[PDB]
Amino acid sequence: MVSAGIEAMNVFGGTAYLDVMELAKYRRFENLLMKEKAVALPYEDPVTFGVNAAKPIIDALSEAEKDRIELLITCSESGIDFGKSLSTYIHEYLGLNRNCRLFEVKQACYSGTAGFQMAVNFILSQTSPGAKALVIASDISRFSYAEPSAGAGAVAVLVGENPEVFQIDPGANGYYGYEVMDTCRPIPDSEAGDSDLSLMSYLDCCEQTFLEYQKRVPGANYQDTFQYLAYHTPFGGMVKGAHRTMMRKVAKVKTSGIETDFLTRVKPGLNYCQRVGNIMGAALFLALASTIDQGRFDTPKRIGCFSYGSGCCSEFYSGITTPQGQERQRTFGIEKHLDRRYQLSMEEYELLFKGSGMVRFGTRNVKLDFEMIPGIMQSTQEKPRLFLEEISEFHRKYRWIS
């Protein structure tokens, strides 16, 4: 009847980043498909990241197409308020039409997929024919073995009725959730709990989501049905591990062919995760976007996506991306934008770390210095970017910088 999914998607992978191994030295042989991690500056927040992710999408839309954006869901665990959604600020600085539902969803790293699935149902519901939605997953890590791994990033996803970049397979969904005692975020500016069960639950969910998908999609098969696979990816290493486990557990193939399957179906999805680090609720979208830019779509290919969030909830779902989709995605130049970011030295990193306190969950009044790390602003010369200028009686003021 009516199709639904991603019409466009873009990644904002920070203004600044550091070299993961360098930071380990300055602080052995883990070395686990990490290379770079993005780092939120103090004049940056989840609004900044979300707006900067979504701006290139909105820029490319006509005035009429933009006014059809009628749902803006931001997905995060880096909330700035217990009641005010990040979506309010984002709605303002992207200049969206007021005829728009806006809110924030939260379930650890499942947030993005939850937001996306609700957006998809808005489209399929046809409660507003021709409408679009914008789902923005945005997370940052402020502040031992988590520090070099923990990133900052956002992925914006425009959803609608002509989804050349990722047309979902309606109803082809295996969702699974249950309460588990796991690493959570019970304190304002930090984490707590235990990643001791994390992997076990991720793998449990990974299996059970696919089995639920098979139950609703008869004939589905983990090896042949999917030409690429994308996973919630905190770091490449554990996804490589989880893929291996899936091929033994579920696909039940011989050990010798697994490395090949990983390289052809999963490695493309992992490219951008190495440039940015764990971006939590945006990690799966990042991997999806990596998959689409780094893979091959001479003809339409099916991609299977697994989403997981601690606590926990999870979902496995799938969609088609076409040659035209991949073309659209290339115009955003994600890789080029990653190449242009500013590399912190360890000394600069220390100035940032000691400065991150001035913007800390309770902060009522603060004025930010964009020159606090002198080189960064006037360093690249690109499209305008949003930054946090000040907090005044808890209300946030943002500024465009060219």
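Position 1 is the first residue in the sequence shown; the rest follow in order.
- Per the record, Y178 and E179 follow each other directly, and no deposited residue is missing between them.
- Counting the deposited residues that fall between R340 and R341 and carry no coordinates gives zero.
- Stretch comparison (85 to 93 versus 255 to 263) by mean CA B-factor in the PDB entry places 255 to 263 on top.
- Looking at mean Cα B-factors across 124 to 132 and 220 to 228, the upper value is held by 220 to 228.
- In the deposited coordinates, the residue among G355, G50, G333, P56 with the greatest CA B-factor is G355.
- Within the selection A38, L351, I69, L41, the deposited Cα B-factor values reach their highest point at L351.
- Ranked by C-alpha B-factor against the other modelled residues of its chain, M21 falls in the highest third.
- Placement of the Cα temperature factor of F116 within the chain: lowest third of the modelled residues, per the deposited record.
- Per the PDB record, residue ranking by Cα B-factor puts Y308 in the lowest third of the chain.
- In the deposited entry, the Cα temperature factor of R185 sits in the top third of values across the chain's modelled residues.
- Per the deposited record, the Cα B-factor of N10 falls in the lowest third when ranked against the other modelled residues of its chain.
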